[PDB]
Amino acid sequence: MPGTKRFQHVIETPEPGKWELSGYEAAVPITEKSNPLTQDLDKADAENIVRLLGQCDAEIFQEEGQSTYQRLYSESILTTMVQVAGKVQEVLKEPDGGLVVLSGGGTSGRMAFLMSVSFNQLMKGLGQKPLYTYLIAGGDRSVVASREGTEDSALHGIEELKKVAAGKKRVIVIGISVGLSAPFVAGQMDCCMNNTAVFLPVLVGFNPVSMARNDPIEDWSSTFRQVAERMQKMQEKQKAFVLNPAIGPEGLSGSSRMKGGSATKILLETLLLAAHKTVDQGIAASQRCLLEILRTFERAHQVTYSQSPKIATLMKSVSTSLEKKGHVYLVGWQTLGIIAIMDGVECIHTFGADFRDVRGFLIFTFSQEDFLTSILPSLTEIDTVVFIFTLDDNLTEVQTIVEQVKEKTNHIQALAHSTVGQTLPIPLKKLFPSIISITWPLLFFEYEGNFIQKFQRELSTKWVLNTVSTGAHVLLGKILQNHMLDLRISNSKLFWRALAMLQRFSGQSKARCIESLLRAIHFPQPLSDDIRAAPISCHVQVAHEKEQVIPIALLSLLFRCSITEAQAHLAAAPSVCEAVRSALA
């Protein structure tokens, strides 16, 4: 029937109360799962939220139980990390002809970029040619834009890979897809397997291969799952690898920018750093060198989240500035600045928030006086500015910019990383009466730039900014239980996520939910057969331009009414959030 080709794979809605026993829940990829710790997130206060997300992030480091999924600390995963470090060594010994590519869509692509830079520095600080590069769905501009649409083409991913792999003789392709989902990566991995003599693909993500995405890619014949299963078979001969620890669901369902991007770093910085630091020691990377790093990264979570109350406050003051209708600025130096930008930009698609709502800034790259003259004029009593720096940074360039902002603002707070026994110039740096001093132990680094110190600092910031940004929006009431209902369908995964949220919250059949969704998307046109049968990219291209598509669809379902009637009902409610919330009653 028209549509069946497209919607066949979708699991039926279960009857009330049989969501577990239908086997439905056991088939939701871990990355899409609702996290039980966050079922009441929409009611938690700011301090709760910080605790719950703190807890969620902790699950990255939790160990495997006694029938269950491999995790980060499991032997199979660490053993895989060792082998892979092994393969990076082969290339590090033979840079003439060698390349290492880190690739992903969205936040996986952001993380890819950061890491490509860091390990490029490391080899430069040693006067080796850099061997690392990145790829991001939608080319380099994607790094700092919201561009959720660009991950849906395998042919794209393969092209970007063909470019950068020039006439290199040995390429290592680390494809990052938290959900084992992005068609962009799928093409890259599949290409590599078709040319083993040059390419070595390493797939990274956080679902078991049996939960890997399995719907058809529009421009490609194989699914992510087949690709991944085939890589796993090649692992027995050491010509492909799959690194896929479970780290548990996101605190905000399907928000893989969070735990997923963090685990992406934890996992890859660990493994590559190991490979580097053990080559010039003339010694294979072992689990013991990796574990050192993982435990460091695990200390870092505890270090970070012990500043919880102060974190909870910054959230409260980001919430307020947006609750009024102010803006929030995230101002940071070197790499921490970048990560500030990345968090801000992600708030656009993740929350439907405007690019001014939470904006990042590096000294987007608007330098000292340029910030003084450009952005400074437009500050306001009710805004919030956030400063993010180490003590190694240049605190003159910092004190000046804060000195200025104090006048036009007063809601300033800061994020200062420091070795122990570094002191904060101006004992009246108050200015900041209640800093977020994150003071690090002294660790035993040997490479010139102290790269482990860097990775700690990045991760810790990411955790803070993510927890803050996400938290602030929850407090505003924009999140439903632990789901972002009112997302903008801008790729096929978000289309599927929308459909799943309609089944979840309404309890109504696969076919009704699909119908209401497609009606909501294409209104005022009605369901033709062409539309039913149309590929998911056609729905996406039309929905991406609309507002409240999902809430309208859900309302049509709950009231069993037309799109005309549910739109009218929406417009006559005080807000989207109350309309939906009380239709659920």
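In this text, the rigid core denotes the largest set of C-alpha atoms whose superposition between the two forms falls within 1.5 Å. Each residue number is its position in the shown sequence, starting from 1.
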With everything overlaid on the rigid core, name the stretch, 85-93 or 424-432, whose CA atoms wander farther on average in 7 other deposited structures of this protein.
424-432
Interval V82-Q83, deposited residues with no coordinates in the entry (none, 1 to 3, 4 to 9, 10 or more):
none
Unmodelled stretch of the deposited sequence separating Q66 from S67, binned as none, 1 to 3, 4 to 9 or 10 or more:
1 to 3
Per the entry, where is the mean C-alpha temperature factor higher: 127-135 or 69-77?
127-135
366-374 versus 478-486 - greater average Cα B-factor per the deposited record:
366-374
Which of these, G157, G175, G326, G261, has its C-alpha atom at the highest B-factor, as the entry lists it?
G326
Please pick out which of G344, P245, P249, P425 has the largest Cα B-factor as recorded in the entry.
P425
Of the three thirds of Cα B-factor ranks in this chain, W463 occupies the middle
Can you tell me whether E32 has a C-alpha B-factor in the lowest, middle or highest third compared with the other modelled residues of the same chain?
lowest
Taking the values exactly as deposited, rank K43 by C-alpha B-factor within its chain and report the matching third: lowest, middle or highest.
highest
Entry-reported Cα temperature factor of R230, expressed as the chain third it lands in
lowest
Taking the C-alpha B-factors as the PDB entry records them, is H411 in the lowest, middle or highest third of its chain?
highest
